[PDB]
Amino acid sequence: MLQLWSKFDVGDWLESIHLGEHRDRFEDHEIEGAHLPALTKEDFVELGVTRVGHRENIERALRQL
Ligand SMILES: [Cl-]
Ligand SMILES: [Zn+2]
C-alpha cells in the first residue's frame with residue numbers, strides 16, 4: 001500500500017495511471033509512497049507536473065486509495 005511504496009513503486013504507480021512521463025523526475029527527487037499525500041501544488045511544479053490536468057489526475061488517484 002501507499003505508505004509502504006519505495007520510490008520505484010511510486011514510479012510504477014505513475015505508469016499505471018498514464019503519467020509515466022513523470023516517473024524519472026519523481027525518482028530523482030526520491031519521492032516515496034509516504035510523501036505523496038503531503039505534496040503541495042508547488043512540490044508538483046518542482047517535480048515537473050506543470051499541467052493542472054495531470055496534477056488533478058494524481059490527486060484524484062490518491063483519493064481513490
Ligand atoms: Cl505535466
Ligand atoms: Zn505530465
# chains A, B, ... in the order shown; residues from 1 in each chain; ligands from 1

$ residues_near_ligand --ligand "ligand 2" --cutoff "12 Å" --atoms "only C-alpha atoms and all ligand atoms" --output "list in words"
residues 14, 15, 17, 18, 19, 20, 21, 22, 23, 24, 25, 26, 44, 45, 47, 48, 49, 50, 51, 52, 53, 54, 55, 56, 57 and 58 of chain A

$ write_last_selection --atoms "N, CA, C and O atoms" --output "compact mmCIF listing (two decimals), in the first residue's frame"
# COMPACT_ATOMS: atom_id res chain seq x y z
N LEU A 14 2.75 5.62 -11.20
CA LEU A 14 2.56 6.71 -12.15
C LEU A 14 2.30 6.14 -13.53
O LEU A 14 1.46 6.66 -14.27
N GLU A 15 3.01 5.08 -13.90
CA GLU A 15 2.79 4.47 -15.21
C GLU A 15 1.38 3.90 -15.28
O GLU A 15 0.70 4.06 -16.28
N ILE A 17 -1.22 4.91 -14.07
CA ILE A 17 -2.25 5.93 -14.23
C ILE A 17 -1.93 6.83 -15.42
O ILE A 17 -2.44 7.94 -15.54
N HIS A 18 -1.06 6.32 -16.29
CA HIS A 18 -0.67 7.02 -17.51
C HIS A 18 0.07 8.33 -17.35
O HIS A 18 -0.17 9.28 -18.09
N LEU A 19 0.98 8.39 -16.39
CA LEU A 19 1.76 9.59 -16.17
C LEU A 19 3.20 9.16 -15.98
O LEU A 19 3.98 9.81 -15.28
N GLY A 20 3.55 8.06 -16.64
CA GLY A 20 4.90 7.52 -16.55
C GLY A 20 5.96 8.51 -16.98
O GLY A 20 7.13 8.35 -16.66
N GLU A 21 5.53 9.54 -17.71
CA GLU A 21 6.43 10.58 -18.17
C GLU A 21 7.06 11.29 -16.97
O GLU A 21 8.13 11.89 -17.08
N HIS A 22 6.39 11.21 -15.83
CA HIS A 22 6.88 11.84 -14.61
C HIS A 22 7.67 10.95 -13.65
O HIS A 22 8.21 11.45 -12.66
N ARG A 23 7.77 9.66 -13.94
CA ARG A 23 8.48 8.78 -13.02
C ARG A 23 9.98 9.02 -12.81
O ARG A 23 10.48 8.87 -11.69
N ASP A 24 10.70 9.40 -13.85
CA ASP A 24 12.13 9.64 -13.70
C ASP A 24 12.43 10.78 -12.73
O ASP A 24 13.27 10.64 -11.84
N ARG A 25 11.74 11.89 -12.91
CA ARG A 25 11.93 13.05 -12.06
C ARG A 25 11.51 12.76 -10.62
O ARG A 25 12.19 13.17 -9.69
N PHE A 26 10.40 12.05 -10.44
CA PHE A 26 9.92 11.70 -9.11
C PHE A 26 10.98 10.85 -8.43
O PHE A 26 11.26 11.01 -7.24
N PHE A 44 4.68 19.69 -6.73
CA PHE A 44 4.37 19.10 -8.03
C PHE A 44 4.98 19.91 -9.16
O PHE A 44 5.45 19.35 -10.15
N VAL A 45 4.98 21.23 -9.01
CA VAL A 45 5.58 22.08 -10.04
C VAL A 45 7.06 21.74 -10.11
O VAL A 45 7.61 21.55 -11.18
N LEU A 47 8.40 19.10 -9.30
CA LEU A 47 8.57 17.73 -9.75
C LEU A 47 8.28 17.58 -11.24
O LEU A 47 8.39 16.49 -11.79
N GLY A 48 7.90 18.68 -11.88
CA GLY A 48 7.63 18.63 -13.30
C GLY A 48 6.17 18.47 -13.71
O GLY A 48 5.87 18.45 -14.90
N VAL A 49 5.27 18.35 -12.75
CA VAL A 49 3.85 18.21 -13.07
C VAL A 49 3.29 19.62 -13.19
O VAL A 49 2.64 20.12 -12.27
N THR A 50 3.53 20.24 -14.34
CA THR A 50 3.10 21.61 -14.59
C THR A 50 1.76 21.75 -15.30
O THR A 50 1.31 22.86 -15.58
N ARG A 51 1.13 20.62 -15.60
CA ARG A 51 -0.18 20.64 -16.26
C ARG A 51 -1.23 20.35 -15.20
O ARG A 51 -1.26 19.27 -14.62
N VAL A 52 -2.10 21.33 -14.96
CA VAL A 52 -3.14 21.20 -13.96
C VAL A 52 -3.90 19.89 -14.08
O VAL A 52 -4.23 19.26 -13.08
N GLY A 53 -4.17 19.46 -15.31
CA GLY A 53 -4.89 18.22 -15.50
C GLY A 53 -4.15 17.03 -14.93
O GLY A 53 -4.77 16.14 -14.33
N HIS A 54 -2.84 16.99 -15.11
CA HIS A 54 -2.06 15.88 -14.61
C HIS A 54 -1.96 15.89 -13.09
O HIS A 54 -2.01 14.84 -12.45
N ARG A 55 -1.87 17.08 -12.49
CA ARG A 55 -1.83 17.17 -11.04
C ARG A 55 -3.17 16.70 -10.50
O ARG A 55 -3.23 16.07 -9.45
N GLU A 56 -4.23 17.01 -11.23
CA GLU A 56 -5.57 16.61 -10.81
C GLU A 56 -5.72 15.10 -10.92
O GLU A 56 -6.45 14.50 -10.14
N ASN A 57 -5.05 14.50 -11.89
CA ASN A 57 -5.15 13.06 -12.04
C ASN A 57 -4.44 12.39 -10.88
O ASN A 57 -4.91 11.39 -10.33
N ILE A 58 -3.30 12.96 -10.49
CA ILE A 58 -2.53 12.43 -9.38
C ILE A 58 -3.36 12.53 -8.10
O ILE A 58 -3.52 11.56 -7.36

$ select_by_dssp --residues "chain A" --states "helix (DSSP H, G or I)" --output "PDB file with N, CA, C and O atoms, in the first residue's frame"
ATOM      1  N   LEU A   2       0.215   2.395  -0.270  1.00  0.00           N
ATOM      2  CA  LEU A   2       0.875   3.693  -0.343  1.00  0.00           C
ATOM      3  C   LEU A   2       2.048   3.916   0.613  1.00  0.00           C
ATOM      4  O   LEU A   2       3.192   4.043   0.178  1.00  0.00           O
ATOM      5  N   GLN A   3       1.769   3.962   1.908  1.00  0.00           N
ATOM      6  CA  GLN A   3       2.810   4.198   2.904  1.00  0.00           C
ATOM      7  C   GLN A   3       4.020   3.264   2.809  1.00  0.00           C
ATOM      8  O   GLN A   3       5.085   3.582   3.329  1.00  0.00           O
ATOM      9  N   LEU A   4       3.870   2.127   2.138  1.00  0.00           N
ATOM     10  CA  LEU A   4       4.961   1.159   2.010  1.00  0.00           C
ATOM     11  C   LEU A   4       5.691   1.207   0.668  1.00  0.00           C
ATOM     12  O   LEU A   4       6.630   0.442   0.435  1.00  0.00           O
ATOM     13  N   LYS A   7      10.493   4.387  -3.900  1.00  0.00           N
ATOM     14  CA  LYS A   7      10.444   5.342  -4.984  1.00  0.00           C
ATOM     15  C   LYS A   7      10.109   4.652  -6.306  1.00  0.00           C
ATOM     16  O   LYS A   7       9.504   5.257  -7.189  1.00  0.00           O
ATOM     17  N   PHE A   8      10.483   3.380  -6.425  1.00  0.00           N
ATOM     18  CA  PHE A   8      10.225   2.618  -7.642  1.00  0.00           C
ATOM     19  C   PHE A   8       8.755   2.242  -7.773  1.00  0.00           C
ATOM     20  O   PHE A   8       8.222   2.177  -8.882  1.00  0.00           O
ATOM     21  N   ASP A   9       8.095   1.999  -6.645  1.00  0.00           N
ATOM     22  CA  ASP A   9       6.683   1.654  -6.683  1.00  0.00           C
ATOM     23  C   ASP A   9       5.911   2.881  -7.152  1.00  0.00           C
ATOM     24  O   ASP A   9       5.047   2.790  -8.027  1.00  0.00           O
ATOM     25  N   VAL A  10       6.231   4.030  -6.565  1.00  0.00           N
ATOM     26  CA  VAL A  10       5.579   5.275  -6.945  1.00  0.00           C
ATOM     27  C   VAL A  10       5.730   5.440  -8.454  1.00  0.00           C
ATOM     28  O   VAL A  10       4.804   5.868  -9.142  1.00  0.00           O
ATOM     29  N   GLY A  11       6.908   5.088  -8.961  1.00  0.00           N
ATOM     30  CA  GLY A  11       7.160   5.187 -10.388  1.00  0.00           C
ATOM     31  C   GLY A  11       6.248   4.253 -11.162  1.00  0.00           C
ATOM     32  O   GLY A  11       5.679   4.638 -12.182  1.00  0.00           O
ATOM     33  N   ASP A  12       6.101   3.026 -10.674  1.00  0.00           N
ATOM     34  CA  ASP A  12       5.243   2.047 -11.329  1.00  0.00           C
ATOM     35  C   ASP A  12       3.795   2.518 -11.276  1.00  0.00           C
ATOM     36  O   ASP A  12       3.034   2.329 -12.223  1.00  0.00           O
ATOM     37  N   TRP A  13       3.422   3.130 -10.157  1.00  0.00           N
ATOM     38  CA  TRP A  13       2.072   3.638  -9.963  1.00  0.00           C
ATOM     39  C   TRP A  13       1.771   4.758 -10.962  1.00  0.00           C
ATOM     40  O   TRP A  13       0.672   4.839 -11.512  1.00  0.00           O
ATOM     41  N   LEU A  14       2.752   5.622 -11.199  1.00  0.00           N
ATOM     42  CA  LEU A  14       2.563   6.710 -12.145  1.00  0.00           C
ATOM     43  C   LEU A  14       2.299   6.145 -13.533  1.00  0.00           C
ATOM     44  O   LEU A  14       1.461   6.663 -14.265  1.00  0.00           O
ATOM     45  N   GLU A  15       3.009   5.081 -13.899  1.00  0.00           N
ATOM     46  CA  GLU A  15       2.794   4.466 -15.207  1.00  0.00           C
ATOM     47  C   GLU A  15       1.385   3.903 -15.279  1.00  0.00           C
ATOM     48  O   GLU A  15       0.697   4.064 -16.285  1.00  0.00           O
ATOM     49  N   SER A  16       0.957   3.245 -14.207  1.00  0.00           N
ATOM     50  CA  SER A  16      -0.363   2.633 -14.188  1.00  0.00           C
ATOM     51  C   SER A  16      -1.497   3.636 -14.342  1.00  0.00           C
ATOM     52  O   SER A  16      -2.612   3.261 -14.697  1.00  0.00           O
ATOM     53  N   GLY A  20       3.553   8.059 -16.635  1.00  0.00           N
ATOM     54  CA  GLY A  20       4.898   7.521 -16.552  1.00  0.00           C
ATOM     55  C   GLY A  20       5.955   8.513 -16.977  1.00  0.00           C
ATOM     56  O   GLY A  20       7.130   8.352 -16.657  1.00  0.00           O
ATOM     57  N   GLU A  21       5.533   9.537 -17.710  1.00  0.00           N
ATOM     58  CA  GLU A  21       6.432  10.584 -18.175  1.00  0.00           C
ATOM     59  C   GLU A  21       7.059  11.290 -16.974  1.00  0.00           C
ATOM     60  O   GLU A  21       8.129  11.891 -17.080  1.00  0.00           O
ATOM     61  N   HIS A  22       6.388  11.211 -15.832  1.00  0.00           N
ATOM     62  CA  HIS A  22       6.877  11.836 -14.613  1.00  0.00           C
ATOM     63  C   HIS A  22       7.669  10.952 -13.653  1.00  0.00           C
ATOM     64  O   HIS A  22       8.212  11.450 -12.663  1.00  0.00           O
ATOM     65  N   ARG A  23       7.769   9.659 -13.938  1.00  0.00           N
ATOM     66  CA  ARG A  23       8.481   8.778 -13.017  1.00  0.00           C
ATOM     67  C   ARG A  23       9.979   9.024 -12.808  1.00  0.00           C
ATOM     68  O   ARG A  23      10.479   8.872 -11.692  1.00  0.00           O
ATOM     69  N   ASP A  24      10.700   9.404 -13.855  1.00  0.00           N
ATOM     70  CA  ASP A  24      12.133   9.643 -13.702  1.00  0.00           C
ATOM     71  C   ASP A  24      12.430  10.776 -12.726  1.00  0.00           C
ATOM     72  O   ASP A  24      13.268  10.643 -11.836  1.00  0.00           O
ATOM     73  N   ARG A  25      11.736  11.890 -12.907  1.00  0.00           N
ATOM     74  CA  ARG A  25      11.932  13.048 -12.064  1.00  0.00           C
ATOM     75  C   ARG A  25      11.510  12.763 -10.621  1.00  0.00           C
ATOM     76  O   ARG A  25      12.195  13.174  -9.685  1.00  0.00           O
ATOM     77  N   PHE A  26      10.399  12.048 -10.444  1.00  0.00           N
ATOM     78  CA  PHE A  26       9.924  11.697  -9.109  1.00  0.00           C
ATOM     79  C   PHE A  26      10.982  10.847  -8.427  1.00  0.00           C
ATOM     80  O   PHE A  26      11.264  11.011  -7.235  1.00  0.00           O
ATOM     81  N   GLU A  27      11.564   9.942  -9.206  1.00  0.00           N
ATOM     82  CA  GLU A  27      12.600   9.040  -8.730  1.00  0.00           C
ATOM     83  C   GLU A  27      13.864   9.810  -8.352  1.00  0.00           C
ATOM     84  O   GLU A  27      14.481   9.530  -7.327  1.00  0.00           O
ATOM     85  N   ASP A  28      14.246  10.784  -9.175  1.00  0.00           N
ATOM     86  CA  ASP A  28      15.430  11.581  -8.888  1.00  0.00           C
ATOM     87  C   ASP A  28      15.236  12.391  -7.606  1.00  0.00           C
ATOM     88  O   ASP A  28      16.192  12.651  -6.878  1.00  0.00           O
ATOM     89  N   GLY A  33       6.124   6.534  -1.366  1.00  0.00           N
ATOM     90  CA  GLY A  33       4.708   6.489  -1.046  1.00  0.00           C
ATOM     91  C   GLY A  33       4.252   7.454   0.030  1.00  0.00           C
ATOM     92  O   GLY A  33       3.300   8.203  -0.166  1.00  0.00           O
ATOM     93  N   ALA A  34       4.940   7.438   1.166  1.00  0.00           N
ATOM     94  CA  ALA A  34       4.609   8.294   2.300  1.00  0.00           C
ATOM     95  C   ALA A  34       4.625   9.799   2.026  1.00  0.00           C
ATOM     96  O   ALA A  34       4.049  10.571   2.788  1.00  0.00           O
ATOM     97  N   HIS A  35       5.278  10.214   0.945  1.00  0.00           N
ATOM     98  CA  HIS A  35       5.381  11.631   0.595  1.00  0.00           C
ATOM     99  C   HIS A  35       4.185  12.155  -0.194  1.00  0.00           C
ATOM    100  O   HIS A  35       3.772  13.309  -0.046  1.00  0.00           O
ATOM    101  N   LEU A  36       3.648  11.300  -1.052  1.00  0.00           N
ATOM    102  CA  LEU A  36       2.545  11.667  -1.922  1.00  0.00           C
ATOM    103  C   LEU A  36       1.400  12.506  -1.350  1.00  0.00           C
ATOM    104  O   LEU A  36       1.107  13.588  -1.857  1.00  0.00           O
ATOM    105  N   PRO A  37       0.747  12.032  -0.285  1.00  0.00           N
ATOM    106  CA  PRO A  37      -0.365  12.790   0.298  1.00  0.00           C
ATOM    107  C   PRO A  37      -0.031  14.200   0.792  1.00  0.00           C
ATOM    108  O   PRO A  37      -0.922  15.031   0.946  1.00  0.00           O
ATOM    109  N   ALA A  38       1.248  14.476   1.023  1.00  0.00           N
ATOM    110  CA  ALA A  38       1.645  15.785   1.525  1.00  0.00           C
ATOM    111  C   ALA A  38       2.202  16.729   0.469  1.00  0.00           C
ATOM    112  O   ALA A  38       2.464  17.897   0.758  1.00  0.00           O
ATOM    113  N   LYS A  41       0.979  21.929  -4.317  1.00  0.00           N
ATOM    114  CA  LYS A  41       0.920  22.354  -5.699  1.00  0.00           C
ATOM    115  C   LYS A  41       2.322  22.776  -6.130  1.00  0.00           C
ATOM    116  O   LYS A  41       2.724  22.573  -7.277  1.00  0.00           O
ATOM    117  N   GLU A  42       3.071  23.354  -5.199  1.00  0.00           N
ATOM    118  CA  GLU A  42       4.423  23.800  -5.502  1.00  0.00           C
ATOM    119  C   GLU A  42       5.406  22.648  -5.654  1.00  0.00           C
ATOM    120  O   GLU A  42       6.306  22.706  -6.495  1.00  0.00           O
ATOM    121  N   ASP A  43       5.244  21.603  -4.845  1.00  0.00           N
ATOM    122  CA  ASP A  43       6.130  20.446  -4.943  1.00  0.00           C
ATOM    123  C   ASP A  43       5.934  19.808  -6.310  1.00  0.00           C
ATOM    124  O   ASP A  43       6.900  19.427  -6.971  1.00  0.00           O
ATOM    125  N   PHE A  44       4.675  19.689  -6.730  1.00  0.00           N
ATOM    126  CA  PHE A  44       4.366  19.101  -8.027  1.00  0.00           C
ATOM    127  C   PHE A  44       4.983  19.910  -9.156  1.00  0.00           C
ATOM    128  O   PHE A  44       5.452  19.349 -10.145  1.00  0.00           O
ATOM    129  N   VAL A  45       4.984  21.231  -9.013  1.00  0.00           N
ATOM    130  CA  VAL A  45       5.582  22.078 -10.037  1.00  0.00           C
ATOM    131  C   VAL A  45       7.058  21.744 -10.105  1.00  0.00           C
ATOM    132  O   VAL A  45       7.614  21.551 -11.184  1.00  0.00           O
ATOM    133  N   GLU A  46       7.691  21.687  -8.940  1.00  0.00           N
ATOM    134  CA  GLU A  46       9.112  21.382  -8.868  1.00  0.00           C
ATOM    135  C   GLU A  46       9.407  19.967  -9.359  1.00  0.00           C
ATOM    136  O   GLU A  46      10.518  19.673  -9.799  1.00  0.00           O
ATOM    137  N   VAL A  52      -2.097  21.331 -14.959  1.00  0.00           N
ATOM    138  CA  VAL A  52      -3.144  21.199 -13.956  1.00  0.00           C
ATOM    139  C   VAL A  52      -3.902  19.885 -14.077  1.00  0.00           C
ATOM    140  O   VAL A  52      -4.225  19.257 -13.075  1.00  0.00           O
ATOM    141  N   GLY A  53      -4.170  19.462 -15.306  1.00  0.00           N
ATOM    142  CA  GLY A  53      -4.886  18.220 -15.503  1.00  0.00           C
ATOM    143  C   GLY A  53      -4.155  17.026 -14.926  1.00  0.00           C
ATOM    144  O   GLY A  53      -4.767  16.141 -14.328  1.00  0.00           O
ATOM    145  N   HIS A  54      -2.841  16.993 -15.110  1.00  0.00           N
ATOM    146  CA  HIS A  54      -2.058  15.881 -14.615  1.00  0.00           C
ATOM    147  C   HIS A  54      -1.964  15.895 -13.085  1.00  0.00           C
ATOM    148  O   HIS A  54      -2.010  14.841 -12.447  1.00  0.00           O
ATOM    149  N   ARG A  55      -1.872  17.081 -12.493  1.00  0.00           N
ATOM    150  CA  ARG A  55      -1.828  17.174 -11.044  1.00  0.00           C
ATOM    151  C   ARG A  55      -3.166  16.699 -10.502  1.00  0.00           C
ATOM    152  O   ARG A  55      -3.233  16.069  -9.449  1.00  0.00           O
ATOM    153  N   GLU A  56      -4.234  17.014 -11.227  1.00  0.00           N
ATOM    154  CA  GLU A  56      -5.569  16.611 -10.814  1.00  0.00           C
ATOM    155  C   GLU A  56      -5.725  15.104 -10.919  1.00  0.00           C
ATOM    156  O   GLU A  56      -6.453  14.498 -10.137  1.00  0.00           O
ATOM    157  N   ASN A  57      -5.054  14.498 -11.889  1.00  0.00           N
ATOM    158  CA  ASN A  57      -5.150  13.057 -12.043  1.00  0.00           C
ATOM    159  C   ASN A  57      -4.438  12.392 -10.877  1.00  0.00           C
ATOM    160  O   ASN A  57      -4.905  11.393 -10.334  1.00  0.00           O
ATOM    161  N   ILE A  58      -3.303  12.961 -10.489  1.00  0.00           N
ATOM    162  CA  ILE A  58      -2.534  12.425  -9.380  1.00  0.00           C
ATOM    163  C   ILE A  58      -3.363  12.532  -8.104  1.00  0.00           C
ATOM    164  O   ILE A  58      -3.522  11.560  -7.359  1.00  0.00           O
ATOM    165  N   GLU A  59      -3.906  13.718  -7.876  1.00  0.00           N
ATOM    166  CA  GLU A  59      -4.724  13.986  -6.705  1.00  0.00           C
ATOM    167  C   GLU A  59      -5.916  13.048  -6.631  1.00  0.00           C
ATOM    168  O   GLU A  59      -6.203  12.472  -5.582  1.00  0.00           O
ATOM    169  N   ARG A  60      -6.619  12.905  -7.750  1.00  0.00           N
ATOM    170  CA  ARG A  60      -7.783  12.035  -7.785  1.00  0.00           C
ATOM    171  C   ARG A  60      -7.400  10.589  -7.516  1.00  0.00           C
ATOM    172  O   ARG A  60      -8.120   9.870  -6.827  1.00  0.00           O
ATOM    173  N   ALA A  61      -6.265  10.161  -8.057  1.00  0.00           N
ATOM    174  CA  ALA A  61      -5.814   8.791  -7.860  1.00  0.00           C
ATOM    175  C   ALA A  61      -5.466   8.528  -6.398  1.00  0.00           C
ATOM    176  O   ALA A  61      -5.653   7.421  -5.904  1.00  0.00           O
ATOM    177  N   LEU A  62      -4.963   9.547  -5.710  1.00  0.00           N
ATOM    178  CA  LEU A  62      -4.603   9.411  -4.305  1.00  0.00           C
ATOM    179  C   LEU A  62      -5.839   9.232  -3.441  1.00  0.00           C
ATOM    180  O   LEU A  62      -5.803   8.509  -2.447  1.00  0.00           O
ATOM    181  N   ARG A  63      -6.933   9.893  -3.819  1.00  0.00           N
ATOM    182  CA  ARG A  63      -8.178   9.806  -3.057  1.00  0.00           C
ATOM    183  C   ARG A  63      -8.827   8.455  -3.260  1.00  0.00           C
ATOM    184  O   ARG A  63      -9.516   7.938  -2.371  1.00  0.00           O
ATOM    185  N   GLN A  64      -8.640   7.886  -4.443  1.00  0.00           N
ATOM    186  CA  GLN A  64      -9.161   6.561  -4.658  1.00  0.00           C
ATOM    187  C   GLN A  64      -8.549   5.625  -3.641  1.00  0.00           C
ATOM    188  O   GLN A  64      -9.201   4.644  -3.244  1.00  0.00           O
TER     189      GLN A  64
END
